[PDB]
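Report on the following structure.
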Number of protein chains: 4
Amino acid sequence: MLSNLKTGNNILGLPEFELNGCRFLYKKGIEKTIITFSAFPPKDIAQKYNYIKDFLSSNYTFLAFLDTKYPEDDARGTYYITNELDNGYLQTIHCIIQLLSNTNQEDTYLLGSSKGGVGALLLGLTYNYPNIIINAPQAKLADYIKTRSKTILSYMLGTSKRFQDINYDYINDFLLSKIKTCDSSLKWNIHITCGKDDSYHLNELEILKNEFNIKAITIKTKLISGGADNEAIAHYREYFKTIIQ
Amino acid sequence: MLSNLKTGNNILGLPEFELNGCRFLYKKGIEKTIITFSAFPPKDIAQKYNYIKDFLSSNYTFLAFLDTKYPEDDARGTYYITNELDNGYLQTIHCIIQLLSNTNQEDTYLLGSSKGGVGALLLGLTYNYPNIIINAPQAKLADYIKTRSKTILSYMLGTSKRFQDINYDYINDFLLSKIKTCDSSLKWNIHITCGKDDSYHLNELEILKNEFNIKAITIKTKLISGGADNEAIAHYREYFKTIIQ
Amino acid sequence: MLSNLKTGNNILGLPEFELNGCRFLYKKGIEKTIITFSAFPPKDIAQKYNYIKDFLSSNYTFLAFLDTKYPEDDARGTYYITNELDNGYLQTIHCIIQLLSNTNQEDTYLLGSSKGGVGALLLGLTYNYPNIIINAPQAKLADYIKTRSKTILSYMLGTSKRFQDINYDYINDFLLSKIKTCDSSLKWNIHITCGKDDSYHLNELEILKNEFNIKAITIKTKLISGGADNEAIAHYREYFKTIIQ
Amino acid sequence: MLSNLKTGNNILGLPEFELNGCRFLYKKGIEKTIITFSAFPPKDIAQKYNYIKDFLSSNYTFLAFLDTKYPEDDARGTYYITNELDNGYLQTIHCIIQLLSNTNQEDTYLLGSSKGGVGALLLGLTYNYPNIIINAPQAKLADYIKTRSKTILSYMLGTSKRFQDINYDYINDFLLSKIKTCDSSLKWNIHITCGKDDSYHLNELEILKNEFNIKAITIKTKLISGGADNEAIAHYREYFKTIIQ
Ligand SMILES: CC(C)(COP(=O)(O)OP(=O)(O)OC[C@H]1O[C@@H](n2cnc3c(N)ncnc32)[C@H](O)[C@@H]1OP(=O)(O)O)[C@@H](O)C(=O)NCCC(=O)NCCS
Ligand SMILES: CC(C)(COP(=O)(O)OP(=O)(O)OC[C@H]1O[C@@H](n2cnc3c(N)ncnc32)[C@H](O)[C@@H]1OP(=O)(O)O)[C@@H](O)C(=O)NCCC(=O)NCCS
Ligand SMILES: CC(C)(COP(=O)(O)OP(=O)(O)OC[C@H]1O[C@@H](n2cnc3c(N)ncnc32)[C@H](O)[C@@H]1OP(=O)(O)O)[C@@H](O)C(=O)NCCC(=O)NCCS
Ligand SMILES: CC(C)(COP(=O)(O)OP(=O)(O)OC[C@H]1O[C@@H](n2cnc3c(N)ncnc32)[C@H](O)[C@@H]1OP(=O)(O)O)[C@@H](O)C(=O)NCCC(=O)NCCS
């Protein structure tokens, strides 16, 4: 029963729930389902639901997801990939959306802005959610995680030295392969913004674009003012607010 | 959206849904949530939902689950274990129950005979459903599956010759492992019936009881009239109706 | 019929055949039978036959072999080991040589560098070809393959998580096992060159030499100028021409 | 070199060869290639090449194969199936035919009369030899082997009690699955005779026919006088002699 999954936290009035290690906010509305995924918090800051305020006044159904809860000594998330390095976490997010949302998948929109954009794509490309509107996702996931936390990377690489560099490359290409194995025949509505001064994520975007091209998937991109900063974030929020409206 | 998960099939008064390969019936009621698990169909018979008619006049919330849909050559189920021999399928069942049921965990009952009772044990012991009322579960799962379908056991075993033995003990002990790792502090309410003349499954029960015993889990067992037949099933049906009320 | 095995391709003066997935060149000559094994191609280059031009003016019988054609994603070969990690592919090579060559076993020479020398060792040690003249073979096969292509090693490793470690040591030690089980009574004529500055493969050679040593197999080793480069290859070519004549 | 594979035996003038454990006779002719497979000899009688005399006066290319050489304490053959229970022995037979025969596969004819007929089908259905003319093959291979030799059956079932009944059923259905996975689009020319008083093998024939029907393969059958005896054998030989001529 949904209310027995409550964790006791409340965020801007919204009660937090947890199911199979997957923490989420849920509010039942009408007409559209908005889904947001959490981005990478600063070191020692708890994971945040992002882009609640953008929909507080809305009448839409709203869900907001956090990342996994491990490694415990740097619990900032493993990029929506399980510690078994498979889809188990995405699978749970999918069940939650499919059973609580009151709209079909074409009236559902996935949002997220860094790690959160990667989460949005991983879910959308696995389970065919067509509308994905994200900012500056990472493409080489393990390369990036290495710059932010050895604790998380080493947790995900595993204890066996023989498989660490294998797991490294598997994590690194985890998103790219989701593109390589997605449906191609779906009418995707993927929008990816990125700050014009975000040199690092513009090169990540080129990498993602190539993989879509190989798969014959058209996406929309838009450079916005700013870099890897809140100027870009501010413009991302205005961008997705117009697309949904 | 639940409505969008409909398969189009309607078994007795109840619509069928599918989510992540998991086919299920569901009807909203009150007071209690009844869960049933499909048992192993005879050869060339499709997987059936079990113990629907028992609860059509109950007004309880009711869910009934089929087993996995692979291997397609003998699609009678893999004992609720995925092709990767993990919890992925049980995890989907859990989400469906947790989000659709409108009663507490202690007001929820897992029912099943034969393979269905294995599924009830696997779900209940993995995710702490305390009320489990089942008849003649197998204990050594691979030993039993091979006497019914070499195709299914071969499918679960995998392709590599030099891992067919390892995976065999892993499948064989998959239920026993769940007992070994379950939470001994839960106020377990496990009832297992078995036909008096069902010597095979009488011994499986002792195998199971030894694992419960050493985890300090006290269960209720009742010998009923019959063997591995529909006499025992009829007495099993009478037993779980009596306990539920 | 051999003529019916033609692929239609003709590399230099020699027609290509395929039998049971095994692509090979063959030209009938006299006095000696020369066998070469393809080495590991750089990324996105197709598998090439090696050391053809060395013998175009020789009038010797000549056969050149490619590696397996899988995985199709990175089809550069599986170190002459089948997808079932057994001798099936080496066994096909053996039949082709035994039935097409017109000279004794002692007048037959197995050539190859890098992965090609591994293939020469695997064939010669399995089926008693005494004359083996190779440069810088790997010893720990999986350790090396993972530094060139995660796809190929994953393909050889298989799908089950709980067998990726077992199969890794099995692949890694597949050549060393052939040494452990070869016939010590054969009048082995094994020559292994290695570049003086090829530290990685200098150590692989010591690993190999230790296995030969304890099987009482005396081999000839020669340090040549160069490292893991085309200098060493040129001196390797000069070495095997000198030995053959 | 073919002549170095000689075993030292000579049968009706024909020198015997051996390659990878596979013993064969070979004579090079023109126009057609005739292949025969050995049948199950009496206990303590060595395996025989069958139907040599039928082609001694012919000008055709001729090959005759025996079965595997294990188990050593009842070396009457394991039905052309390796002790690894795979295609390795058929693979060797195929290489030998493909590299020594001077005709294409449509001018090649596979003959055999009991176990030998099964060998003929196993090779023909695996490697697409269209012309297969056999008498009274077994369908349930392990059921039959059980009546002739516990030593051979136990050797093939393997030492692990857990896999003995799995290996039993795999061996039993080894032929049926060759039918289930064969090409269907090939223009098969399969002729199966059987003695009208061979009640046991007429029921084996019905089983084989069904599997062909499911696969949409037309075959030709012919009842001949005799039972499981030389009267039937005599008529089988006249039958295949007219079909080839
Ligand atoms: C840009 C950002 C700061 C905007 O914040 P915002 O304008 O307040 O809007 P949000 O809808 O995200 O609301 C967050 C609010 O809910 C709070 N909140 C969010 N998750 C919470 C949680 N698990 N527990 C308690 N409070 C939470 C936040 O602290 C904040 O409340 P506040 O008013 O006290 O600050 C935020 O959306 C964000 O950081 N996004 C990710 C940026 C990125 O992509 N990358 C940076 C790392 S490379
Ligand atoms: C007892 C049993 C045989 C039948 O009992 P029952 O009186 O029919 O009661 P149920 O509630 O189980 O009825 C199932 C109903 O749902 C129908 N149904 C179930 N699954 C269905 C499906 N995929 N599609 C269509 N109909 C389905 C059945 O056809 C049946 O309807 P009907 O008989 O009226 O036509 C059944 O419960 C069963 O198979 N139990 C298994 C016991 C066991 O241990 N089996 C393994 C032995 S080794
Ligand atoms: C030395 C080397 C680089 C080239 O030497 P070379 O002077 O060209 O002599 P080779 O006899 O090997 O020539 C091969 C010829 O056959 C051709 N050939 C080989 N395989 C072919 C194929 N499938 N299709 C078409 N052509 C093919 C080649 O194109 C080449 O012909 P070309 O150069 O005249 O056009 C080659 O032998 C080689 O790759 N060796 C591998 C050494 C090694 O260790 N590699 C792995 C390093 S980690
Ligand atoms: C029917 C059969 C006896 C006919 O024998 P045949 O008329 O002499 O014709 P073949 O072409 O088969 O020639 C066999 C000859 O070569 C000999 N020969 C065959 N294989 C031999 C071998 N490995 N080593 C030495 N001699 C061999 C045979 O002994 C015989 O020689 P012989 O004249 O001394 O008797 C024989 O073909 C046969 O037994 N076929 C199998 C019958 C069957 O299908 N099932 C019975 C078991 S259920």
Side-chain angles (χ1 to χ4, degrees), chain A residues 9-12 14 16 23 25 36 38-42 46-56 64 66 112-117 135-136 138 144 148 228-230 232-234 236-237, chain B residues 9-12 14 16 23 25 36 38-42 45-56 64 66 112-117 135-136 144 148 201 228-230 232-234 236-237, chain C residues 9-12 14 16 23 25 36 38-42 45-56 64 66 112-117 135-136 144 148 201 228-230 232-234 236-237:
Chain A
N9 297 319
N10 259 74
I11 292 81
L12 296 191
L14 293 169
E16 182 183 60
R23 296 161 287 177
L25 307 183
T36 83
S38 176
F40 211 131
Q47 303 183 41
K48 302 283 192 264
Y49 302 99
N50 301 139
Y51 309 118
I52 297 168
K53 292 181 175 152
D54 308 72
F55 298 102
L56 266 199
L66 304 182
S113 73
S114 163
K115 185 184 75 175
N135 173 264
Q138 289 82 39
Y144 182 78
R148 297 304 302 278
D229 53 40
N230 304 297
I233 301 315
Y236 168 60
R237 296 166 86 170
Chain B
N9 296 314
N10 198 269
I11 289 74
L12 294 189
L14 323 184
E16 176 184 65
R23 292 160 299 165
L25 306 173
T36 81
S38 182
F40 198 154
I45 294 126
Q47 303 185 32
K48 293 181 185 328
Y49 301 96
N50 294 153
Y51 308 126
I52 301 169
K53 309 203 296 246
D54 292 272
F55 299 89
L56 280 172
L66 302 182
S113 51
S114 203
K115 182 185 74 172
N135 180 80
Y144 184 74
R148 287 304 292 285
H201 292 92
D229 48 49
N230 316 47
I233 292 302
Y236 165 61
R237 296 224 233 183
Chain C
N9 296 314
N10 198 269
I11 289 74
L12 294 189
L14 323 184
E16 176 184 65
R23 292 160 299 165
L25 306 173
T36 81
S38 182
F40 198 154
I45 294 126
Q47 303 185 32
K48 293 181 185 328
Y49 301 96
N50 294 153
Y51 308 126
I52 301 169
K53 309 203 296 246
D54 292 272
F55 299 89
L56 280 172
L66 302 182
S113 51
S114 203
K115 182 185 74 172
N135 180 80
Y144 184 74
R148 287 304 292 285
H201 292 92
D229 48 49
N230 316 47
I233 292 302
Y236 165 61
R237 296 224 233 183

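Both ligands and their constituent atoms are indexed starting at 1 by order of listing. Naming: A, B, ... by sequence-line order, numbering from 1 per chain. Side chains included, hydrogens not; waters and symmetry mates left out as well; all remaining heavy atoms used.
The protein heavy atom nearest to atom 12 (O) of ligand 1 is A/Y51 N, 3.0 Å. Looking only at protein heavy atoms, the nearest one to atom 45 (N) of ligand 3 is C/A39 CB, 3.7 Å. The protein non-hydrogen atom at the shortest distance from atom 14 (C) of ligand 1 is A/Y49 O, 4.2 Å. Counting only heavy atoms of the protein, atom 11 (O) of ligand 1 lies nearest to A/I52 N, 2.6 Å. Ranking the protein heavy atoms by distance from atom 21 (C) of ligand 1 puts A/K48 CD, 3.7 Å first. Among all protein heavy atoms, the one lying closest to atom 32 (P) of ligand 3 is C/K53 NZ, 4.7 Å. For atom 5 (O) of ligand 1, the nearest non-hydrogen atom of the protein is A/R237 NH1, 4.2 Å. In terms of protein heavy-atom proximity, atom 36 (C) of ligand 1 is nearest to A/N50 ND2, 3.7 Å. The protein atom (non-hydrogen) at minimum distance from atom 47 (C) of ligand 3 is C/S114 OG, 4.2 Å. Here the heavy atom of the protein found nearest to atom 24 (N) of ligand 1 is A/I11 CG1, 3.6 Å. The protein heavy atom nearest to atom 43 (C) of ligand 1 is A/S113 OG, 3.1 Å.
Residue A/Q138 comes nearest to A/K115 through the heavy atom pair OE1-N, 3.5 Å, listed as atom of the first residue, atom of the second, then distance. For the residue pair A/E16 and A/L25, the shortest heavy atom distance occurs at CA-CD2, 3.7 Å. Considering all non-hydrogen atoms of both residues, C/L66 and C/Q47 come closest at CB-OE1, 3.7 Å. Counting all heavy atoms, side chain and backbone alike, C/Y51 lies closest to C/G112 at CE1-CA, 4.3 Å. The two atoms that bring C/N50 and C/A39 nearest to each other are OD1-N, 2.8 Å, heavy atoms only. Contact record, C/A232 with C/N135: O-OD1, 4.5 Å, taken as the closest heavy-atom pair.
Residue-ligand proximity: C/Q47 is placed with a non-hydrogen atom under 4.0 Å from ligand 3.
Those atoms of ligand 1 with a heavy atom of A/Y144 less than 4.0 angstrom away are 48 (S).
The CG atom of A/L14 sits 7.5 Å away from atom CG of A/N10, with the distance rounded to the nearest 0.5 Å. Here B/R148 contributes atom CZ and B/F40 contributes atom CZ; the two are 5.0 Å apart, rounded to the nearest 0.5 Å. Annotation: the span from A/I52 atom CD1 to A/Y49 atom OH amounts to 8.0 Å, rounded to 0.5 Å. Separating the OH atom in A/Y236 from the OG atom in A/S114 is a distance of 11.0 Å, to the nearest 0.5 Å. Rounding to the nearest 0.5 Å gives a distance of 6.5 Å between CG of A/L12 and NZ of A/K53. A distance of 13.5 Å separates NZ in C/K48 from OG1 in C/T36, rounded to the nearest 0.5 Å.
Remark: atom 9 (O) of ligand 2 lies closer than 4.0 Å to at least one protein heavy atom. For atom 30 (C) of ligand 3, no protein non-hydrogen atom is found at a distance below 4.0 Å. Per-atom contact check: atom 39 (O) of ligand 3 touches the protein, criterion being a heavy-atom distance below 4.0 Å. Under the 4.0 angstrom criterion, atom 19 (C) of ligand 1 counts as having a protein heavy-atom contact. Within a 4.0 Å radius of atom 3 (C) of ligand 1, the protein contributes no non-hydrogen atoms. Counting protein heavy atoms under 4.0 angstrom from atom 27 (C) of ligand 3 gives one or more.
When heavy-atom distances to ligand 1 are checked against a 4.0 Å cut-off, A/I233 comes that close only through its side chain, counted from C-beta outward. Here A/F55 has no heavy atoms under 4.0 Å from ligand 1, in either its backbone or its side chain. Contact annotation for C/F40 and ligand 3: only backbone heavy atoms (N, CA, C, O) come within less than 4.0 Å of the ligand.
For atom 34 (O) of ligand 2, the choice among B/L25, B/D54, B/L12, B/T36 with the nearest heavy atom turns out to be B/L12.
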